[PDB]
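# Survey of secondary and tertiary structure
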Amino acid sequence: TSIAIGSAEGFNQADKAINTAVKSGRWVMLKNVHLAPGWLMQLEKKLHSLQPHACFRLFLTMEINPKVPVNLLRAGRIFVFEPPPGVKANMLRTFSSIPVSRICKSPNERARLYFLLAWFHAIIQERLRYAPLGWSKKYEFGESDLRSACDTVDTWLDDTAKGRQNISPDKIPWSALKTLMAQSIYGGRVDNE
Amino acid sequence: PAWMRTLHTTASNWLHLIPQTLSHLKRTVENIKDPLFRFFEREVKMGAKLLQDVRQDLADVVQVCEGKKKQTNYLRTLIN
Amino acid sequence: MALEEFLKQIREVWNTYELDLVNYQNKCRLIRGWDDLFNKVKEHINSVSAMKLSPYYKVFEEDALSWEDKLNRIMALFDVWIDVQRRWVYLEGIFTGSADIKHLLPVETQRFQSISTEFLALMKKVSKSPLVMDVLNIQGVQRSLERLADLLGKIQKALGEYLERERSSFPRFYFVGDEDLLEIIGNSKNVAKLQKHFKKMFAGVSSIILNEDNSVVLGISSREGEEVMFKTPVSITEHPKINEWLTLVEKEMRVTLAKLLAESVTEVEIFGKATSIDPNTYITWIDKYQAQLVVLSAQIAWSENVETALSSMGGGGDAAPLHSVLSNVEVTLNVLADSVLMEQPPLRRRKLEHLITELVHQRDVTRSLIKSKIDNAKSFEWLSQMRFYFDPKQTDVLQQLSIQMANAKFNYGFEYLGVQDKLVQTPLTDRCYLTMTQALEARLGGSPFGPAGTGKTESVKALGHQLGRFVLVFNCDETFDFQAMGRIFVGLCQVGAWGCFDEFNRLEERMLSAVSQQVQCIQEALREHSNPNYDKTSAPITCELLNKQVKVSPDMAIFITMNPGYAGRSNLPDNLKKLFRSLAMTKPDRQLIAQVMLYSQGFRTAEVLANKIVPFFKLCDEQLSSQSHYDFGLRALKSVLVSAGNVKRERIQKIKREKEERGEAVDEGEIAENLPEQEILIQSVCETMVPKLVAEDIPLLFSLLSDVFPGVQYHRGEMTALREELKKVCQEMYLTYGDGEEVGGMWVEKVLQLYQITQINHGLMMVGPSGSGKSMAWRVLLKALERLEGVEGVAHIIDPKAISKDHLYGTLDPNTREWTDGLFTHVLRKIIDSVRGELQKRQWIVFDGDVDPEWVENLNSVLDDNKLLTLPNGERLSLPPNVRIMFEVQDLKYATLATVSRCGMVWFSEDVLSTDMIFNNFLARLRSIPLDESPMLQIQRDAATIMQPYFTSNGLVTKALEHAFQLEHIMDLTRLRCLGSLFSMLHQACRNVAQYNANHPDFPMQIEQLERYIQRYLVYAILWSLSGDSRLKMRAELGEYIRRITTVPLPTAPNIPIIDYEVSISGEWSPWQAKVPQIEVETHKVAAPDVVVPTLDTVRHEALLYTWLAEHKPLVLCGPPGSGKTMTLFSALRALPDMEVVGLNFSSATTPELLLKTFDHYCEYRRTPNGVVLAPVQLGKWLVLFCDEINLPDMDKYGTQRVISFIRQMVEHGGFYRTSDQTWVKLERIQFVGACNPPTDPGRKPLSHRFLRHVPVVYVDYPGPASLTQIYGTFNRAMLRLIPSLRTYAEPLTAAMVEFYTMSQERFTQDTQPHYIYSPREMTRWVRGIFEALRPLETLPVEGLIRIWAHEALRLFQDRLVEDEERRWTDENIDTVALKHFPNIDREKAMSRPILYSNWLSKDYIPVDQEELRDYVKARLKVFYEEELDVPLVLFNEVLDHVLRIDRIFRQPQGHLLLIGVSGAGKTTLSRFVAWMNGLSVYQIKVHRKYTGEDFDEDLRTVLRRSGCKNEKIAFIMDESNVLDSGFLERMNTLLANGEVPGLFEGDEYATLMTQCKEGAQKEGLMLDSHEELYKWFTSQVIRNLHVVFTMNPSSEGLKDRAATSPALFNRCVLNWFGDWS
Ligand SMILES: Nc1ncnc2c1ncn2[C@@H]1O[C@H](COP(=O)(O)OP(=O)(O)OP(=O)(O)O)[C@@H](O)[C@H]1O
Ligand SMILES: Nc1ncnc2c1ncn2[C@@H]1O[C@H](COP(=O)(O)OP(=O)(O)O)[C@@H](O)[C@H]1O
Ligand SMILES: Nc1ncnc2c1ncn2[C@@H]1O[C@H](COP(=O)(O)OP(=O)(O)O)[C@@H](O)[C@H]1O
Ligand SMILES: Nc1ncnc2c1ncn2[C@@H]1O[C@H](COP(=O)(O)OP(=O)(O)O)[C@@H](O)[C@H]1O
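So, how was this worked out
- Residues numbered from 1 in each chain as written, not as in the entry; some residues may be left out.
- Chains lettered and ligands numbered in written order.
- Part of a larger assembly, values for the part shown.
- Heavy atoms only, no water.
- Helix = DSSP H or I, 4+ residues; strand = E, 2+ residues; numbered from the N terminus.
- Rg over C-alpha atoms; globule rule 2.2 N^0.38 Å.
- Buried < 20%, exposed > 50% of the residue type's maximum accessible area, 1.4 Å probe, protein only.
- Contact = heavy atoms within 4.5 Å.
- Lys, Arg positive; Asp, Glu negative; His and termini not counted.
- Charge placed at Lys NZ, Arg CZ, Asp CG, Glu CD.
- Near = heavy atom within 4 Å.
- Areas by Shrake-Rupley, 256 points an atom, 1.4 Å probe, with all protein chains shown as cover.
- Nonpolar A, V, L, I, M, F, W, Y, C, P; charged D, E, K, R; others polar.
- Buried area = accessible area lost by both parts, 1.4 Å probe.
- Polar contact = N/O pair within 3.5 Å; in protein donor to acceptor, adjacent residues only side chain to side chain.
- Pairing = 2+ DSSP bridges.
- Expected span 1.5 Å × (residues − 1).
- Salt bridge = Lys/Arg side-chain N within 4 Å of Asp/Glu carboxyl O.
- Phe/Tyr/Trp six-rings, centres within 6.5 Å; stacked < 30°, edge-to-face > 60°.
- Axes fitted to C-alpha atoms, helices over the stretch in contact; angles between N-to-C directions.
- Parallel < 35°, antiparallel > 145°, perpendicular 65-115°, else oblique.
- Left-handed = near helix turned anticlockwise from the far one by under 90°.
- Core = buried A, V, L, I, M, F, W, Y, C linked by side-chain atoms within 4.5 Å.

Per the secondary structure count, chain A includes nine helices and three strands. Counting helices and strands in the order they occur from the N terminus, chain A gives β-α-β-α-β-α-α-α-α-α-α-α. A compact globule built from 193 residues would reach a C-alpha radius of gyration of about 16 Å, whereas chain A, at 22 Å, exceeds it by more than 25%. Counting only C-alpha atoms, chain A reaches 65 × 40 × 30 Å along its principal axes. Burial status across chain A gives 40% buried among its 193 residues. Considering only residue pairs separated by 6 or more positions, chain A has 72% of its internal contacts joining residues 24 or more positions apart. Averaging the positions of the 26 positive and the 17 negative side-chain charges in chain A gives two centres separated by 7 Å.

The following block contains the structure:
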């Protein structure tokens, strides 16, 4: 049960979902909980005096914000999500996120296209670290851009390759992918010539 | 006070560093037709205004640090 | 006798006038012809006033008087009846046509049956005798109509659920408010009333076409008159239900648009694949079909031609038929350009412009395709374009057309868009199209972000219109919460419409996170709709919105346009950002948008014009001086290009008219060839940009024009008729009018520029410093336009910052989801509805006040081209063409680029309104308007003649003002503040002359005496107006300068300044010292609160305040705390018996609500023919609202004090707005006096210049050492008369007092501690304490007097000290001062360090021994333990000191304590012990976690009831921890300062309090019956009985914060620093 924090009915849904899941053993995720620190303190107090089901899990997804209560941080286990340390780590994360069955489809060139996409994403995200030289500003090149690029690659490869096992590299729609990534997927965030 | 004396010395040194005069450009019937003059007049105007404001503020700070004048809200904010 | 003839005419008209009645479905006879009746009533009222003007009026006065009353009554009745009738009509249609409402809502159905019976009975009575007077003479008719209106309103408000269900029935009703939805549902039978509501439910359908029966819908029409005729007309008789035939109309609209598109494509296939096109055939085809249809057909033909050419070239080595496509496009473009070069009908002209834009885009695309050597139709260089494919073989007409971009495929929605302004399709609108279509194919939203003026909101609209979608634009703000956005989403999903939520980042971050859920579920529903596995035969795709299953239409989409570069905007959560595909729209291609715009408008030199005009705008941006109101962006180029097209059309029409009237020879080609397009563009550029320019930038911009456009000159038109109207209006308004370089020429030019801007922009801003003539400019323009065009001008002036944004725009109730209209919303909706003909008048909504993004960014869609006021409840209000939105501001330092860009600017400088103009206005008003309401007029004329030489250019007043601007004043000096002060003082001089004439009927003032008096008083008033708010040194400086520069006789004193002299009525200077006698105060009146020892400053300030108050002019007293501002004001008001003063104590949390509570208590609202008037309950008395801390109220982040804006509106405009019903309330018999500390003091803010313009400021400084010596020597001489042996010690003692005071005031300042404020208040308390000690004693040696003096010095100057060294300094300096001024005394006897005084061991206040006091306190503590509180206390010396101090304060009237010290030091326990000792009952508020402001109000009511009605002495002990909100501190501040909270007792609570006060007064033996006397007695009792003891910790920043949050804690509470135990 996924609930986005921020509204009073959102708090009611969160309370009801937690009360149901601590008995049924289902998972409850609450997003952007950093926007309600007082309700976070109340939630920590509620969680301390509780004996939930063995399979119950409560995920609280937030941004790193000093307003998050300290007692909640001590009560839970913290996982920090941030850009991967390097190109190799970025490519490993990309290859882990993308399902194997998606890459290993009918065209044998899809694997190489996905590898090139992963390398491009890793290079761009690593260039983001050097803010004035790698880019001009800290662009939000993230997972959404990678997913959109993968969807575009899949769409245009299935369009060009009508279920064939192999497609000649000359026939791959390079212009389509390049233009859509430069103008729509990655170039949409770019506001600099 | 220690911070009062430190700010007095700093403001006196800054007043020594910053220049004191900047004369505005003179308008002429043929000077206006020159875009270079149309830009340099804006440059000198902004520079002179900022210089006058900064010099007045630093003089007020020095006056406060010697106790000659009382602290105001703007003077308190500037000193802070 | 013409008055009698006209009265007889009116009598005959009203005796013959009958209500025009028309039958209503055989139910009743409804009144018809409201406009004629209202116009007749207005005309007759104006005629009666015109007769009141004449003198002969008297012989008929009473009769005419009687007439107006009847007339007024008529108006009043018919100001309600119409509304009633209208309401009933639609309500009837809801309770009769619909059968489900009786089962759903039976109770108010029966209620409406009863009210309908009453209404039909009344209508039958009217039908029996349709005479207007006979109807007016019906008993209780007015009350009956008001009761019917109230009941109808309650029923109408009780119909929300039915309206929601009906919205569910017809989804487009989600975009219609409850009022208009009720109107639509009720008036379903009478279709003619629904025509004004179709614009809110459809994109381009503004009205529908019916037959003569109004039973068959033959088609639809747009706002431009374009009509679409249905192939299958919709029959209303077959489908009586409103929603059913509305749905049929929408479906038939789509079907007929599809069929007409098919026919148009079949027709346009001829023009395609054709080498030469006949212009006549193309024009016939264009006229045959709609604008969107002809553009779509051209796009389809071009796309199919390009596809065929690419299929032909697919071989690679084949020929290139793409050149054929380019040639056909160029031929058609040449035909279109030739067509637009000659006169065309406006609809065909817009069609031709759209076709030119589309074909220029097509030509560019084809040239790019040829240049890229494209030979395959599957090349992405062709696939990335927007391609239109038509399939005539498709059975479903709605699916015959497909629009494809890359892999994205869309179906045309076939929504009728009317004639929409098409956007040049530049490269960024192509990139925008590509990115947004990619987002749509992924079932995501679109997010074009970037600065403002880039195309984000229109590019979204243009893409939606290109796909034939209904795009709804929403101007988001912080009030778009989860529920409002969810309901908007429900409406969009059910309709199938595009939602463009602009300024999306203005929502709260929590609200964005919450709305992410709805966006995600909507996108999931859309994605499951896209899968081919889904079949429409199955259950429709639904999503979970607002706990409801809402069907989702595949045509729906969500777009958000935002500018992330604004600071203070919300950050979208990542889970919300991942739902949208973002695109940076930063640099629009302005060169192409111009070139294409000028090409489509008929300019032959469009390329040269664009290449000259875009760099010109860049040059203006980068070369003109940087101003906050300058905008040279895209919304300013498109404003110039549109104006250029309009000006070219006007010039062509003018040339044709000249040719017609001079011979007969007209040729379109000759005119087009010989036309100065350069001059047209320059004229538009000037008309748009010159008004905003500052004085120095005009020559720069004209030099830029000469550089970029050499040889062309801008000669502005001479609007002779408008200038004559302006001259007449200025003459009747006492305003100076001038032509060119004459006095007032700049102002008249500014007025003409404002008139020019009104015609181009529906949003205006008059930007300029206070007193630059903006208000007079637009008022005179409105009156002149009314007199010239004959269109009545109505102006609604709104102060946007004097009220909250909720009160300005409206409030959505979080519980019942009911919308309450704000001020601007109510005004705009009333104009739009046009119940009383508001659409036939020129409506100007002037936002006079400060502009900040928070309130004005809600007007982006209004001041844009959407012209829509978007509300959170999904309602959109279209701006009528006759409405102008005006912003009269003094600066734009807080407005953003989005606001500045959307509005036309007129810059008023202080040089526009010269001082000669103000002098002329003053002199004309003096010579024309009598001061009494004629000997007074003759006196004014003579005085104006005498003052004429000095009120000239380079005169005495002008030079004096110029010199005074160089001095230093306690407040910022403005010209109009000084001028208003001077004019008020001169009016007072004229009134003084009139009073002298009245006092001497036999011998009135002669010419020479009047001249002498007026000249001397002019010098005196210049001194007191140009230097009143400055120190004595600056007053002396101004006096010396005037003596240098004046020729008026002046006092010949060698050193006494002129400011020390007054002007006697005999025309001679007389010293002020002659009015300052050495008075002898009574012994029992020593240092009393109302006793004033006259001094020079006292008498001068009293005279000045009397001068300013007698004119009812609001005024301000600025000075250090305790200087004597309140004392001087009360002493001056004592000379004005017809003025009742009410004291308000401003704090940092003060809002206009305090003033509203004071008005609700001391004043009343009454209804008059002219509106609502708020006047004091007392008759013939003027209420003086004395505000004590005017500059304390909090200034927001945009530099505005809301209460200061409220007071400025109430002074400048003479009233305010009631937000309960948004009704203008006019103040009567109310004036304003304010008091404040200098703005440089901590916590004080500088007052607005607009506010300061209306309030003269007088600087009341601390009395000098000589003045202090005089005042307190008089007090000490009065006091020491009790003991004769001490009388000879009156002179030294005072000196010692003064000396010590001065020393303390020099040693302890606010730099050390915030509460280290020493004032003559301390000296008054010193005299009071010594007098109280000496009063019971019959004899006392000098040593006892010195001991009392030292004790009082310790209690006043040492109790507040924080550090020990300060207290040691105080002790040592008291000793030294006493020895210095009292030598040869027993030092040890009078200065034994334990200086203790107490009345516990005796009847009198005599010195007490420390050990005896300790034993007595021990015994009393034992009794205290055994009775009240059994908490043993250890007694040490500081405890004895503290209990003595607390007893001292508890024995004083209105004695409040502020005990500051560490928690656990015993402050509360000692306070309770002393209160028990003195018999006071201890009251403490029991604060818990649920303790709110209402609980504190109840506790305050209990305390006030006990201490004011029951005569019970109460010590109210309050801690800083008990304060949970700032309202606690506000009420405590008011109670501490005044002794009564104004809004605490309201409703039945006030009645109960009045009954208890009457009982208490009867117990005391007083005869009080009136509520005012009862409340005054209650306040006196509360003052005498309630002692508030405030305890807090010794915080550093907390004390400074409290010094502003609760000022009375440091002025009315004695501060005791207990601190920590030493
Ligand atoms: N044409 C005129 N000739 C003479 N006096 C004028 C003229 N126009 C305005 N004034 C006077 O000059 C003063 C300016 O008032 P006005 O209301 O025009 O100023 P404003 O720009 O609205 O100031 P604010 O920004 O404070 O509202 C007033 O005394 C006004 O009556
Ligand atoms: N391609 C274009 N062709 C013509 N006018 C355009 C074009 N792009 C923007 N405009 C105009 O620019 C102005 C600002 O555009 P708009 O989208 O309202 O701004 P914003 O992006 O700040 O919301 C409007 O007058 C709009 O019609
Ligand atoms: N001429 C005077 N006669 C009597 N009291 C005076 C005189 N001048 C100053 N004072 C004292 O000055 C103080 C003024 O305080 P107040 O009237 O509250 O002024 P403010 O509102 O400016 O603080 C009073 O204590 C008053 O007795
Ligand atoms: N002189 C004293 N001797 C003994 N106990 C004291 C003394 N002064 C304060 N106390 C203690 O203070 C406690 C309550 O503190 P209180 O008087 O309420 O101080 P505060 O209100 O400043 O917190 C009492 O229970 C008592 O024990």
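That shown, we press on.
This next bit is on the site of ligand 3. Residues and elements named next belong to chain C. As a matter of local geometry, ligand 3 sits amid 18 residues, with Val1093, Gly1122, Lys1125, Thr1126 and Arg1321 nearest to it. Considered on its own, ligand 3 offers 570 Å² of accessible surface; in the complex 88% of this is hidden by protein. Contributing elements (two or more residues each) for the shell around ligand 3: α42 (1125–1133), α46 (1265–1279) and α48 (1320–1334). For the shell around ligand 3, a count of residues per class yields ten nonpolar, six polar and two charged.

Of the residues lining the interface, 28 residues belong to chain A; the matching set on chain C comes to 28 residues. Summed over both sides, the interface between chain A and chain C buries roughly 2200 Å², with carbon and sulfur atoms accounting for 51% of that surface. On the chain A side of the contact with chain C, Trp156, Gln183 and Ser184 of chain A bury the most area, a combined 19% of that side's loss. Our count for the contact surface shared by chain A and chain C stands at ten residue pairs in polar contact. If one sorts the elements of the side of chain A that touches chain C by residue count, helix α9 (residues 174–185) of chain A sits on top with eight residues. Split by residue class, the side of chain A that touches chain C holds ten nonpolar, 14 polar and four charged.

Residue and element names in this part refer to chain C. Taken across its five residues, strand β15 (residues 580–584) has five buried, putting it largely inside the fold. Along β15, one buried face is formed by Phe580, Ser582 and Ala584 and the opposite face, lined by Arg581 and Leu583, is buried too. Sheet analysis places strand β9 (residues 445–449) next to β15, joined by five bridges and oriented parallel. Residue pairing in the sheet places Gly445 in a bridge with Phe580 of β15.

We now examine the side chain of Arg189 of chain A. Following the sequence through the fold, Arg189 of chain A ends up in the segment after α9. The exposure class of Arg189 of chain A is buried, given its relative accessible area of 19%. One polar contact links the side chain of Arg189 of chain A to the main-chain carbonyl oxygen of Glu140 of chain A, over a distance of 3.0 Å. Residues within four places of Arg189 of chain A in sequence aside, it is in contact with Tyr139, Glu140, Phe141, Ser144 and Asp145 of chain A together with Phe449, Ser582 and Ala584 of chain C.

Helix length check: helix α30 (residues 774–789) of chain C (16 residues) gives 22 Å between terminal C-alpha atoms against 22 Å at 1.5 Å per residue, within 8%. Where α30 of chain C ends, the next residue or the one after it, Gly790 of chain C, has phi of about 80°, a positive value.

Moving on: the interface of chain B and chain C. Chain B puts eleven residues into the contact, and the matching count from chain C is 20 residues. Contact with chain C buries area across many residues of chain B, yet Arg38, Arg42 and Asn73 of chain B alone supply 46% of it, more than any other trio. Counting across the interface, chain B meets chain C through two salt bridges. Across the pair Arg38 of chain B and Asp707 of chain C runs a salt bridge, and its minimum N-O distance is 3.2 Å. Joining chain B to chain C, the criterion identifies eight residue pairs in polar contact. Residue assignment for the side of chain B that touches chain C shows that the elements contributing at least two residues are α2 (35–65) and α3 (73–79) of chain B. Looking at the side of chain B that touches chain C, the element that brings in the most residues is α2 of chain B, giving four residues. Residue classes in the side of chain B that touches chain C are distributed as two nonpolar, two polar and seven charged.

This next bit is on the packing of aromatic side chains. All names here are of chain C. All told, the structure shown has 71 aromatic pairs over all chains when counted by the stated rule. Taking 5.4 Å as the distance between ring centres and 15° as the angle between the ring planes, the aromatic pair formed by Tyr1318 and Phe1357 counts as stacked. With a gap of 39 residues between them, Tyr1318 in the loop between α47 (1290–1307) and α48 and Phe1357 in helix α49 (residues 1342–1357) connect regions that are remote in the sequence. The two residues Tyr1318 and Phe1357 agree in class, both being buried.

Now for the packing of helix α6 (residues 109–127) of chain A against helix α8 (residues 143–160) of chain A. All names here are of chain A. Where α6 meets α8, the closest approach of the two axes is 11 Å, and the angle between their N-to-C directions is 155°. As the angle between them shows, α6 and α8 are arranged roughly antiparallel. For α6 against α8, the interelement crossing comes out right-handed. Taken together, the residues of α8 that come into contact with α6 (itself represented by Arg110, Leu113, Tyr114, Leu117 and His121) are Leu146, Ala149, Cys150, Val153, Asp154, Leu157 and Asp158. A per-class count over the contact of α6 with α8 returns eight nonpolar, one polar and three charged.

Right, let's talk about the arrangement of the chains for a bit. By number of contacts, the leading pair among the two pairs of chains in contact is chains A and C. Looking at chain A next to chain B, you find no contact at all, with the nearest C-alpha pair sitting 26 Å apart.

Residues and elements named next belong to chain C. Ranked by internal contacts, the top residues of the largest apolar core, which has 301 residues, are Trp81, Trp245 and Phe887. Per-element accounting of this core gives the leading share, 19 residues, to helix α3 (residues 57–95). Among residues more than four places away in sequence, those in contact with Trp81 are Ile31, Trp34, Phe119, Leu122, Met123, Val126, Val135, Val141 and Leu145.

Another aspect to go through is the pattern of salt bridges. Pairing between side chains of opposite charge can happen when their charged atoms approach one another. One pass over the structure, following the stated rule, counts 102 salt bridges over all chains. Residue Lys137 of chain A pairs with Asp191 of chain A through a salt bridge whose shortest N-O separation is 2.8 Å. Here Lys137 of chain A is found in the loop between α7 (131–134) and α8, whereas its partner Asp191 of chain A is found in the segment after α9, with 54 residues between them in sequence. By relative accessible area, which is 35% here, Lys137 of chain A ends up partly exposed. You can call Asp191 of chain A partly exposed: its relative accessible area is 27%. Salt-bridge contacts for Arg569 of chain C lead to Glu857 of chain C; the nearest nitrogen and oxygen are separated by 3.1 Å. Note that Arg569 of chain C is positioned in the loop between β14 (557–561) and α21 (574–577) and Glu857 of chain C in the loop between α33 (853–856) and β21 (868–870), a separation of 288 residues in sequence. Each member of the pair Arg569 of chain C and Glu857 of chain C is classed as buried. Where salt bridges share partners, they join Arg102, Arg110, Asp151, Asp154 and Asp158 of chain A into one cluster.

Another aspect to go through is the pairing of strand β20 (residues 842–846) of chain C. Within a regular strand, the side chains alternate between the two sheet faces. Residues and elements named next belong to chain C. For β20, the tally of buried residues reaches five of five residues, placing the bulk of the element in the interior. Along β20, one buried face is formed by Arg842, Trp844 and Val846 and the opposite face, lined by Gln843 and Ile845, is buried too. Of the strand pairs in this sheet, strand β17 (residues 793–797) and β20 are connected by five bridges, and their pairing is parallel. If you follow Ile797 over to β20, its bridge partner there is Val846. For β20 and strand β23 (residues 883–889), the ladder comprises four bridges, and the chain directions are parallel. Note that in β23 the partner of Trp844 across the bridge is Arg884.

A few words now on the sheet that holds strand β6 (residues 386–390) of chain C. Residues and elements named next belong to chain C. Spatially, three strands are ordered β6-β7-β8 in an open sheet, and the strand pairing comes out antiparallel. Since the sheet does not close on itself, it has two edges, and those belong to β6 and β8 (408–411), each with one partner. Pairs of neighbouring strands in the sheet enclose a mean axial angle of 25°, with direction left out of account. Here strand β7 (residues 401–405) pairs with β8 via four bridges, running antiparallel. Along β8, the bridge assignment pairs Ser402 with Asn411.

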